[PDB]
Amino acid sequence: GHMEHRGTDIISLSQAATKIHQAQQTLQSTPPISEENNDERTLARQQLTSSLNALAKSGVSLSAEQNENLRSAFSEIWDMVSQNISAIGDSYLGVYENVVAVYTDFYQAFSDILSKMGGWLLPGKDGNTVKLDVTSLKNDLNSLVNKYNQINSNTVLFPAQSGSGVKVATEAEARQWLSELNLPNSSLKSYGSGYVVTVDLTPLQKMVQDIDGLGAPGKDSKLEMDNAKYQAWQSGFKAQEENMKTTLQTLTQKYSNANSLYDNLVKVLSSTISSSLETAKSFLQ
């Protein structure tokens, strides 16, 4: 117990610092907006846990102070830290990444429909009226609804999906995420032996109702409307667009904060490792 080994300690601690810093760079720079990006972020967390696994076996000793920091931050020591952080990565941050990537593609599908609206607004019989192609707009929104009302990897926010299954959760676990995500009750769905949480279609479904609200189209499938009525319909349609945008914004902020919670634990690892490196390089005179 009397043989020091500064050299080995320096190598071990420097190796762990480098792998931690590398995983942290990926997790700070890679947006959770695609399956490919999320695979890179998942791999970064695997590299980080593996580095704590090697560090645990290295025989670097910690001060009581570092021991305490680790205990308080993450509630033999390194294995406890590694299990705790791994669990936060898999069960919390990993779910949020999936929520964003799924919502991102869904929102892009909605944006693509919005990009067609210009073409569905035509001149009216005079300068006080317009013609709205209510039929083509309703059909596109209904197609979106039909697509994202299904249960598959285009639609499921929780659990994260992979391979052949539909992976499902208990009603209790799914309700907890429904609440965590601040999504409407309609986003909780049963599938086979359990439950899933899906994208919110309610604003789209409200858009389609407000369109039928305008009245039956004419023979051409379009709807002639006075300027005031069109402006009033347009303002209601924009309000629903804003509901979708607000839901997405809540979700991406919540992701960022789950990413920040994981990063704050990474900062604790890095400071602890830096302190130990200093100890290994310091000679008390």
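Note that residue numbering follows the sequence shown and begins at 1.
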Using what the record says, work out whether there is a hole in the model between residue 164 and residue 165 and how many deposited residues it spans (none, 1 to 3, 4 to 9, 10 or more).
none
Per the entry, higher mean C-alpha B factor between 30-38 and 221-229:
221-229
Could you check the entry and say whether 78-86 or 196-204 has the higher mean CA B-factor?
78-86
Quick one: which of 159, 94, 213, 184 has the biggest Cα B-factor according to the entry?
213
I'd like to know which of 149, 179, 98, 108 has the highest C-alpha temperature factor in the PDB entry.
149
Assert third(CA B-factor, residue 57) within chain per record equals highest
Compared with the other modelled residues in the chain, in which third is the CA B-factor of residue 188?
lowest
Going by the entry, which third of its chain does the Cα temperature factor of residue 285 land in?
highest
Chain thirds by Cα B factor, record data; residue 256 belongs to the lowest
Relative to the other modelled residues in the chain, which third contains the C-alpha temperature factor of residue 50: lowest, middle or highest?
middle
